[PDB]
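S.K.: Got a structure here, written out as structure tokens. Questions coming.
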Amino acid sequence: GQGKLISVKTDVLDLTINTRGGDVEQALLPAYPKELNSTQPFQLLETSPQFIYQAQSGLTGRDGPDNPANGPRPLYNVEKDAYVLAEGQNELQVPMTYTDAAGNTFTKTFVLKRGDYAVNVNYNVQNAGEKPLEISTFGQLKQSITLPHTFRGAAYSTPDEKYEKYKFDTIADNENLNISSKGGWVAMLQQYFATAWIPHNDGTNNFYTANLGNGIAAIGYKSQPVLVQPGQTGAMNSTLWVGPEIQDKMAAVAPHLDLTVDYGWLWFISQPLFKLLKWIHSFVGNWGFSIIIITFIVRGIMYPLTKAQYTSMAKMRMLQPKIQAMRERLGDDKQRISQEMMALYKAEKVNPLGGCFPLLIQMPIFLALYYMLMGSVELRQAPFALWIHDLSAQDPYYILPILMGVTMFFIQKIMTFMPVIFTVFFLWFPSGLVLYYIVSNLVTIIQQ
């Protein structure tokens with residue numbers, strides 16, 4: 001598109017909109033720092049020689065001006081180049097109007113709200129002709145496949161397919177989506193943030209993906225066409241989400257939008273924990289302290305499980321003399337020994353043949369929390385006491401993994417090395433998770 005760019009700003013959203021077609025070329029998030037130790041707002045949508053990510057919309061169909069068959073994309077008229085949300089206003093409207101040769105009027109209006117990342121894109125069509133106008137609305141998100149772990153791609157939702165992801169690589173292989181459904185939405189995802197189009201109509205929306213060429217992937221929707229009778233006026237709506245993947249906020253815009261967060265295959269464990277963590281954060285006022293409390297709470301519900309294996313392993317030391325006696329009695333044959341030392345363990349029914357059972361039970365926990373930590377937008381650049389400014393990121397001074405390690409050594413051949421191995425294993429993990437484990441290992445130390 002080519003014409004001129006207009007600026008629309010709220011407290012949470014900084015947009016750059018092209019009047020030709022009303023596409024959104026730039027989008028900044030003032031509420032979120034670009035990086036840590038930065039004063040610069042995060043940039044979701046970009047239009048660069050190096051990278052592109054836009055939210056496009058307009059009126060297609062047989063008589064839609066944005067339809068390439070009806071000529072060039074419509075150049076909307078605006079009153080000014082700068083729009084700013086007022087102090088005594090919760091809402092900002094940016095109406096742009098186009099009138100064709102036949103005299104029909106096409107009005108496009110961006111209406112933004114304070115503190116809201118959901119931008120409504122609504123249309124008004126006034127038929128001045130003698131024949132009915134057949135118009136369908138659309139909304140398309142396009143983005144470069146390769147950037148200048150988490151999931152970066154597209155996603156959608158239908159009444160049948162409640163949630164489904166779509167990789168850019170699939171789109172890149174020119175194998176595209178082509179489904180239809182009533183309501184629903186399409187979206188492009190990344191860590192902590194997401195764009196989405198949510199149609200508001202009476203029809204059967206058509207969802208699709210598209211290779212736009214030059215390594216540019218796209219996903220969008222095309223609504224069922226509506227008829228605007230002569231002399232009459234018609235209206236068409238859609239909602240553009242652009243910003244953070246906050247679950248409570250996305251639930252109000254459209255159903256199942258909240259699922260845009262990547263909690264991995266261990267999804268059913270992370271979502272309650274985040275609701276749990278957020279529930280604590282409600283009156284504690286801190287994320288780090290909330291994590292310490294949730295640490296205790298998970299330890300509190302798991303006290304029967306920790307005690308049971310301890311009962312067992314205490315018993316294991318009691319049975320160590322007899323096993324060496326087996327070794328002496330049967331000699332050096334693994335079959336008889338292993339089966340019957342096992343048989344003893346099983347017979348006395350305390351030992352699960354696992355001292356690493358504490359490890360494999362913490363397999364879901366580590367992962368679930370990790371995905372929560374790395375996926376939750378609320379924990380992004382979340383503050384903790386002392387020298388921790390980002391809970392989602394690793395400790396910059398690498399102190400907390402060493403902290404963890406010393407607590408770990410303090411729990412008194414390969415096991416004579418593994419407490420330090422955890423220091424380097426935890427150098428590559430978020431401080432929040434390390435914090436969790438330090439506190440959790442403190443619970444064992446307090447147990448002592």
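Naming works like this for the structure tokens: A, B, ... for the chains as they're shown, residue 1 at the start of each chain, ligands 1 onward in shown order.
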If we count only C-alpha atoms and set the cut-off at 7 Å, which residues sit around range 22-33 of chain A, ignoring sequence neighbours fewer than 5 positions away in its own chain? Please answer as a PyMOL selection string.
M.R.: chain A and resi 12-17+38-47+54-58+243
S.K.: Suppose we keep C-alpha atoms; can you now write the selection as a CSV table (one decimal), in the first residue's frame?
M.R.:
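The resulting file, again-v6.csv, is reproduced below:
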```
chain,number,residue,atom,x,y,z
A,12,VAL,CA,-1.1,0.7,26.0
A,13,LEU,CA,-1.0,0.7,22.2
A,14,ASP,CA,1.1,2.7,19.7
A,15,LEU,CA,-0.1,2.2,16.2
A,16,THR,CA,0.9,3.3,12.7
A,17,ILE,CA,-1.9,2.9,10.2
A,38,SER,CA,15.7,-0.4,28.2
A,39,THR,CA,13.4,2.6,28.0
A,40,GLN,CA,12.1,1.6,24.6
A,41,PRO,CA,8.6,0.2,24.1
A,42,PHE,CA,8.2,-3.4,22.7
A,43,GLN,CA,7.4,-3.5,19.0
A,44,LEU,CA,4.9,-6.2,17.9
A,45,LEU,CA,4.2,-5.1,14.4
A,46,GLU,CA,7.1,-3.9,12.2
A,47,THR,CA,7.6,-2.8,8.6
A,54,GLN,CA,1.3,-6.5,9.7
A,55,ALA,CA,-2.5,-6.7,10.5
A,56,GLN,CA,-4.5,-6.1,7.3
A,57,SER,CA,-8.2,-5.6,6.9
A,58,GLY,CA,-10.8,-4.2,4.5
A,243,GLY,CA,-0.4,-7.2,22.4
```
S.K.: Taking the DSSP assignment computed from this structure's backbone, write out as a PyMOL selection string all residues of range 31-102 of chain A that belong to strand (DSSP E or B).
M.R.: chain A and resi 31-33+41-45+47+52-60+75+77+82-84+91-99
S.K.: Given only C-alpha atoms, how would the per-residue table for range 93-161 of chain A near range 257-279 of chain A read, listing every residue at most 10 Å away with its closest atom pair and distance in Å to one decimal, sorted by chain and number, as JSON lines?
M.R.:
```
{"residue": "A:149", "atom": "CA", "partner": "A:264", "partner_atom": "CA", "distance": 9.7}
{"residue": "A:150", "atom": "CA", "partner": "A:262", "partner_atom": "CA", "distance": 6.8}
{"residue": "A:151", "atom": "CA", "partner": "A:262", "partner_atom": "CA", "distance": 7.0}
{"residue": "A:152", "atom": "CA", "partner": "A:262", "partner_atom": "CA", "distance": 10.0}
{"residue": "A:154", "atom": "CA", "partner": "A:260", "partner_atom": "CA", "distance": 9.7}
{"residue": "A:155", "atom": "CA", "partner": "A:260", "partner_atom": "CA", "distance": 7.7}
{"residue": "A:156", "atom": "CA", "partner": "A:257", "partner_atom": "CA", "distance": 8.8}
{"residue": "A:157", "atom": "CA", "partner": "A:257", "partner_atom": "CA", "distance": 8.0}
```
S.K.: Could you turn the residues from that selection into a file that holds C-alpha atoms, as a compact mmCIF listing (two decimals), in the first residue's frame?
M.R.:
```txt
# COMPACT_ATOMS: atom_id res chain seq x y z
CA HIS A 149 11.80 -23.42 22.77
CA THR A 150 8.53 -21.55 22.22
CA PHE A 151 6.27 -21.65 19.16
CA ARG A 152 6.44 -18.98 16.47
CA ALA A 154 0.01 -19.04 13.29
CA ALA A 155 -3.04 -20.37 15.12
CA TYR A 156 -6.81 -20.54 14.72
CA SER A 157 -10.03 -21.71 16.38
```
S.K.: Which of these, A:194, A:298, A:391, A:360, has the shortest distance to residue 286 in chain A once you count only C-alpha atoms?
M.R.: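 Among A:194, A:298, A:391, A:360, it is A:391 that comes nearest to residue 286 in chain A.
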S.K.: Write down as a VMD selection string the residues of range 120-295 of chain A whose backbone DSSP state falls under helix (DSSP H, G or I).
M.R.: chain A and resid 168 to 172 247 to 253 257 to 260 267 to 284 287 to 295
S.K.: Quick one: residues within 10 Å of range 107-118 of chain A, only C-alpha atoms counted, chain neighbours fewer than 4 positions away excluded, as JSON, numbers by chain?
M.R.: {"A": [8, 9, 10, 11, 12, 13, 17, 19, 21, 22, 29, 31, 57, 58, 59, 76, 77, 85, 86, 87, 89, 90, 91, 92, 93, 94, 95, 96, 97, 98, 99, 122, 123, 124, 125, 126, 195, 196, 197, 198, 235, 236, 237, 239, 240, 241, 242, 243, 244, 245, 246, 249, 250, 252, 253]}
S.K.: So, with only C-alpha atoms as the atoms that count, which of A:144, A:408, A:138, A:165 lies closest to residue 200 in chain A?
M.R.: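 Using only C-alpha atoms, the shortest distance to residue 200 in chain A belongs to A:138.
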S.K.: Could you name the residues that touch residue 256 in chain A at 10 Å or less, counting only C-alpha atoms, but leaving out those on the same chain fewer than 5 positions away, as a list in words?
M.R.: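 Neighbouring residues, sequence-local ones excluded: residues 156, 157, 158, 159, 162, 163, 184, 185, 247, 250 and 251 of chain A.
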S.K.: Which of these residues is nearest to residue 307 in chain A, using only C-alpha atoms: A:447, A:134, A:88, A:142?
M.R.: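 Selected residue with least distance to residue 307 in chain A: A:447.
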S.K.: When you count only C-alpha atoms, which of these residues is closest to residue 397 in chain A: A:431, A:181, A:48, A:416?
M.R.: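 Closest residue, counting only C-alpha atoms: A:431.
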S.K.: From the options A:146, A:412, A:441, A:223, which residue's atoms come nearest to residue 295 in chain A, counting only C-alpha atoms?
M.R.: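 Smallest separation from residue 295 in chain A among the options: A:441.
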S.K.: If you count only C-alpha atoms, which residues fall within 10 Å of residue 353 in chain A, apart from same-chain ones fewer than 3 positions away, as a VMD selection string?
M.R.: chain A and resid 312 to 313 316 341 to 342 345 to 346 350 356 to 357
